[PDB]
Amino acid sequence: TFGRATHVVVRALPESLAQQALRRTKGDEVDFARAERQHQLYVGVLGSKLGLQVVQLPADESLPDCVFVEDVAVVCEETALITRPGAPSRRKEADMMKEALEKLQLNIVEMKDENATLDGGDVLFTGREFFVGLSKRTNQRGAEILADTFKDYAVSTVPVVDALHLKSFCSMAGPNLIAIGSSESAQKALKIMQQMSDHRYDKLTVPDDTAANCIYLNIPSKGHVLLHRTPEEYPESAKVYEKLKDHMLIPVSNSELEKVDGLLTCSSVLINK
């Protein structure tokens, strides 16, 4: 079942994130205490409200981006790909992720090739196939290693030109539903993804590209659940999500981590055991 999960890996925010995490925009400073509250609530939704078993990794102050666990592993069925992140300052985040995923009894494949890089944020898994963004973080060799790892799924690539990652402007919002931004760049990427597949996806188009990043889960006794950005943060995109009477909708605040380019998917790795 697409979107089913039983377990989630998350990682605590280091104090060094506020000043030292990588960020493309040098805008408003991070309110660290508020970022911590937003992470607490996020983890609480996944564990307490939705009932997932949470594995919470400790912060490492030497790894200011270590909260962004998505980028260090891609999990599909019983297999985990431990990535070689594109940013050198993030590579040692793989160490504790590999240990956590071993302890969850997944089959582990490590991206060792020193000519390969891949961030998990560049990977869109639809349930039927993978789309991998080629970005400043993820190269062709990384995409090839992903394809080799998940041999039972088609893997196609798409250029990421004007954002950090593919999932900076898209995500799955349901079993056949791709949430997508409205910018020229997001729409160009969507059209390439659609041209590379023989499967017809539905789309949930939102006016704020980064509000297209959402988390879909299929949870027993709750059904089709969608975590999406709040009306306070993106009022015009929240109006689109709010029309989805076919989902259980959970607004989740993320203002502070978006200052360092993290959206909703970035702070968890979901696992179905």
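Basically, rigid core = biggest C-alpha set you can superpose within 1.5 Å across the two forms. Each residue number is its position in the shown sequence, starting from 1.
Between 237-245 and 33-41, larger RMS Cα displacement in 5 other deposited structures of this protein after core fit: Relative to the shown form, the greater RMS C-alpha distance in 5 other deposited structures of this protein belongs to 237-245.
Core-fitted comparison in 5 other deposited structures of this protein, 19-27 vs 250-258, farther C-alphas: So, of the two stretches, the farther one in 5 other deposited structures of this protein is 19-27.
Residue stretch of maximal mean CA temperature factor, 151-159 vs 184-192: It is 151-159.
Greater mean Cα temperature factor according to the PDB record, 94-102 or 169-177: Here the higher of the two C-alpha B-factor means belongs to 94-102.
Per the PDB entry, maximal CA B factor within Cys76, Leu164, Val123, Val72: Among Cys76, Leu164, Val123, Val72, the highest C-alpha B-factor in the entry belongs to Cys76.
Largest Cα B-factor, entry values, listed residues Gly44, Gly27, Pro64, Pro207: Of the options given, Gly27 has the highest CA B-factor in the PDB entry.
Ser267 CA temperature factor, ranked by third within the chain: Tercile = lowest for this residue's CA B-factor.
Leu57 by Cα B-factor - lowest, middle or highest third of the modelled chain: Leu57: CA B-factor falls in the highest third of its chain.
Third of the chain's Cα B-factor distribution that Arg229 belongs to, per the entry: CA B-factor rank for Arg229: lowest third.
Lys239 CA temperature factor, ranked by third within the chain: Middle third.
Third of the chain's Cα B-factor distribution that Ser48 belongs to, per the entry: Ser48: CA B-factor falls in the middle third of its chain.
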